[PDB]
């Protein structure tokens, strides 16, 4: 019952029923003119001050949440790419918040990097607050995908021609490398944005995942999480499970 675990549990419980959007930031493998662009081909560290600061936050979140009771053998390249994606995902969120003149402190958000059995690396984002309503979900997804595709092309470490960069930009947009949770539907039929409950989804689902400690990553595992209150960021896996247990 550390203050950190209690603090995280209370913070989430107060937001148990706050409706939020659910997004997934991802990428897909691309081959352009024989050039392979994989999930970890975005390793430029761009020298923009905010991005640098966000990347440092991801690094230290990893460092503080690392359990040294057990060894960790995640590839260095994998960690680096995840830290970079953490900074880029957040840059996208903050850019759209700016478009809407939304004060960051009026927003609840949660970010979790994972490795899916089929898709590999992806990043879940829950985000909402008083300035958010369900009808705005589609606009948010479209705007986030604009900034996501723009930053990915800037961060790509593969030498690309201008034609290739433009092609990559359009692929990341057209194939929706930012997805929005909707209710299940038919292809022809309308899709409706499906808001989720912030505290509940975090405590009962995202905090139940197993920590990735190897390369290749365990299917379904998580790398790294963070939130707008810096509450879950530094928690070790065992601490995360204690939060779920106390939340109930």
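Positions refer to the first chain, counted from 1.
As listed in the deposited structure, the average C-alpha B-factor of 64-72 and of 41-49 is greater for 64-72. When the mean C-alpha temperature factors of 110-118 and 73-81 are read from the deposited coordinates, 73-81 comes out higher.
When the C-alpha B-factors of 157, 134, 87, 149 are read from the PDB record, the largest value belongs to 134. For the set 215, 55, 182, 29, the PDB entry puts the maximum C-alpha B factor at 215. Residue-level temperature factors show residue 10 in the highest third of its chain, judged at the C-alpha atom.
Sorting the modelled residues of the chain by their CA temperature factor places residue 91 in the lowest third. When all modelled residues of the chain are sorted by CA temperature factor, residue 124 is found within the lowest third. When all modelled residues of the chain are sorted by CA temperature factor, residue 228 is found within the middle third. The deposited CA B-factor of residue 172 belongs to the lowest third of values across its chain.
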